[PDB]
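Participant: Got an experimental structure here, sequence first:
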Amino acid sequence: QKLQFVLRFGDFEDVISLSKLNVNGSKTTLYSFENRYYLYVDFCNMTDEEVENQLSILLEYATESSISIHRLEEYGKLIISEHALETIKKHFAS
Amino acid sequence: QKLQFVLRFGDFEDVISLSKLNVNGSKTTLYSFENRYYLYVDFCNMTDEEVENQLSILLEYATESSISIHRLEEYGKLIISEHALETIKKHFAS
Amino acid sequence: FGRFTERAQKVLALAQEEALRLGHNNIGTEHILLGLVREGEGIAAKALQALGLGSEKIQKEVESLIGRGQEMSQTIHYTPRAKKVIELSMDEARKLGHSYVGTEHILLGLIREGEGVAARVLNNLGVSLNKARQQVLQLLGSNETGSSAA
Amino acid sequence: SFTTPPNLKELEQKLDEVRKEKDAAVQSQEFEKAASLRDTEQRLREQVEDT
């Protein structure tokens, strides 16, 4: 099963709320695409149980994007390059 | 795959544009039909692959006429018999 | 024409690049095809490159046409073939859910235009017209954006 | 009574202008330039609702 997941965040304020929560060894990339911010968590490796696990918390603020990751990566826009969770807490707090 | 194709030109100046290159290996005869010039390339001394090749160029300036070949050959009006392409460049460009 | 994403417009203008560079005085569909594969990371570009048709493979056939060429390139404009292919991409983007039409649709548009210059280029370089459109198709659609849920 | 509670509709207007600055900043990164814009945003946000 998937070990890198593509998540959609709603309005940016949802992302702030989120920002104050988790990364957990996930380089992660944050796209902007039709007003909503997608967050692509890319777990370097996790087991399926473990990835579904981690992915739970993220998906308290996100939903799991139906937009295949190369669709985001192409016609989207970078917000944070591959350390997005870590970075968004900076870049959305203090 | 047939070694002879019938391609259709819009305004005469389009035919002229084609005329400025290639007639080699193509005996070719240029018909007149509804102010479009149909151009019959008749690849003589070619193989199927070679015809698909050549035919590219022709249909770069044209589109591929849907006229049944004995319909063209009959109810058309010759503009140039002989090597039509060689001739169009003379008779329209200089 | 009149609406188009960069990627579409870009493959089209890249055809004009081929106009003088290959000397195709007016640029056929082959140059549009070349355009797709020569922008590299367009969904069309990528698609042809999947099937194995890199910029090279296409351009080799293309060079076997007018081949650099009438570099004067009299009327360095589109052809009725290429203008149709562009129009076809528009329909191939209506089809694929892109209002401002992208690269992909143009490769799709080639397929559509299967007696066209691109198409014959592709039929000389092997690659079946529907496998080529296939590759593009499978990199579009299946989305939900402007939203996160409902 | 509630013909706009403290007229902090003006608050909301600011909170918007922020969102933009903030938003656009997060996209460029503009790390601390999104950060502080964010902070100015949620600062505002709560401020609206209380008044």
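Facilitator: On my side now, so go ahead. Numbering: from 1, shown residues only, chains lettered A, B, ... in the order given.

Participant: check contacts around the residue of chain C found nearest chain B.
Facilitator: At 2.5 Å from chain B, residue C:28 is the closest residue in chain C, using C-beta to the nearest C-beta. All C-beta atoms are positioned from the backbone trio N, CA, C, and that covers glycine. Residues counted as contacts of residue C:28 (C-beta atoms under 8 Å, 6 or more residues apart in numbering or on different chains) are B:56-57, B:59-61, C:15, C:65, C:79, C:81-82, C:116-118.

Participant: swap the cut-off to 10 Å and go again
Facilitator: B:56-62, C:15, C:18-19, C:22, C:34, C:62, C:65-66, C:78-82, C:85, C:116-118, C:120-121 (C-beta atoms under 10 Å, 6 or more residues apart in numbering or on different chains).

Participant: Residue A:30 belongs to a strand?
Facilitator: Yes - checked against DSSP: H, G, I helix; E, B strand; the rest coil, residue A:30 lies within a strand.

Participant: Regarding the residue nearest the centre of chain A, what is its secondary structure?
Facilitator: Centroid-nearest residue in chain A: residue A:39, 2.5 Å away (criterion: C-alpha atoms, centre = their mean). Here residue A:39 takes the strand state, with states given by three-state DSSP.

Participant: got it, and residue A:7?
Facilitator: Applying three-state DSSP: residue A:7 is strand.

Participant: any idea how far chain B is from the closest residue to it other than its chain neighbours?
Facilitator: Nearest non-adjacent residue to residue A:7, counting by C-beta to C-beta, 6 or more residues apart in numbering or on different chains: residue A:62, 3.6 Å away. Counting by C-beta to the nearest C-beta, to the nearest Å, the separation of residue A:62 from chain B is 50 Å.

Participant: what residues are up against residue A:62?
Facilitator: Neighbours of residue A:62 in contact, by C-beta under 10 Å, 6+ apart: A:5-10, A:14-15, A:18, A:37-39, A:41, A:55, C:148-149.

Participant: go with 6 Å
Facilitator: When the contact criterion is C-beta atoms under 6 Å, 6 or more residues apart in numbering or on different chains, the partners of residue A:62 are A:7-9.

Participant: Out of the residues you listed, flag the one nearest to residue B:28.
Facilitator: If you rank those by distance to residue B:28 using C-beta to C-beta, residue A:8 comes first, at 58.7 Å.

Participant: What helix or strand is the spatially most central residue of chain D located in?
Facilitator: Nearest to the geometric centre of chain D sits residue D:15, at 2.4 Å (C-alpha atoms, centre = their mean). Per DSSP states H and E: residue D:15 is located in helix D:9-28.

Participant: Tell me which residues of that helix come out buried.
Facilitator: D:11, D:14-15, D:18-19, D:21-23, D:25-27 (16 or more other C-beta atoms under 10 Å in any protein chain shown).

Participant: Which strands and helices lie in contact with it?
Facilitator: Counting contacts by 3 or more C-beta pairs under 6 Å, 6 or more residues apart in numbering or on different chains; DSSP states H and E, helix D:9-28 is packed against strand A:77-80, helix D:32-50.

Participant: Output these in JSON lines, with distance to chain B appended to each entry.
Facilitator: Putting the helices and strands packed on helix D:9-28 into JSON lines (distance: least, C-beta to the nearest C-beta, whole Å) gives the following:
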{"stretch": "strand A:77-80", "distance to chain B": "37"}
{"stretch": "helix D:32-50", "distance to chain B": "51"}
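
Participant: most neighbours per residue, which of the ones you listed?
Facilitator: strand A:77-80 (a mean of 20; mean count of other C-beta atoms under 10 Å in any protein chain shown).

Participant: Return the subset of the contacts of residue C:28 lying in helices.
Facilitator: B:56-61, C:15, C:18-19, C:34, C:62, C:80-82, C:85, C:117-118, C:120-121 (DSSP state H).

Participant: What parts of chain A come near chain D?
Facilitator: Within reach of chain D by C-beta under 6 Å from any C-beta of the partner chain, chain A has these residues: A:12, A:16, A:32, A:77, A:79, A:90-92, A:94.

Participant: at 10 Å what do you get?
Facilitator: Neighbours of chain D within chain A, by C-beta under 10 Å from any C-beta of the partner chain: A:11-13, A:15-17, A:19, A:30-32, A:35, A:37, A:77-81, A:84, A:87-94.

Participant: What about residue C:33, how many residues nearby?
Facilitator: Burial of residue C:33 is recorded as 37 neighbouring residues (other C-beta atoms under 10 Å in any protein chain shown).

Participant: Which residue comes closest to it once chain neighbours are left out?
Facilitator: residue C:118 (3.6 Å).

Participant: From residue A:74, how far off is the one you found?
Facilitator: Counting by C-beta to C-beta, to the nearest Å, the gap from residue C:118 to residue A:74 is 23 Å.

Participant: for residue C:105, same thing?
Facilitator: Counting by C-beta to C-beta - residue C:105 and residue A:74 are separated by 14 Å.

Participant: shared neighbours of the two, anything?
Facilitator: C:7, C:43.

Participant: give me the element the closest residue to residue C:18 other than its chain neighbours is part of.
Facilitator: In this structure, residue C:18 finds its nearest non-sequential neighbour in residue C:31, 3.7 Å apart by C-beta to C-beta, 6+ apart. Using DSSP H and E, residue C:31 maps to helix C:29-38.

Participant: quick one: that helix to chain centroid distance?
Facilitator: 5 Å (C-alpha atoms, centre = their mean, to the nearest Å).

Participant: Tell me if the helix or strand that it is followed by is near chain A.
Facilitator: For helix C:29-38, the following helix or strand on the C-terminal side (DSSP H and E) is helix C:43-50. Yes - for helix C:43-50, a contact with chain A is found by C-beta under 10 Å from any C-beta, at C:43, C:46.

Participant: related to what we said a few turns ago, which residues touch the residue nearest to residue C:18?
Facilitator: Residue C:31 neighbours (C-beta under 10 Å, 6+ apart): B:60, C:11-12, C:14-19, C:21-22, C:24, C:38, C:58-59, C:62, C:65-66, C:78-79, C:81-82, C:85, C:117-118, C:121.
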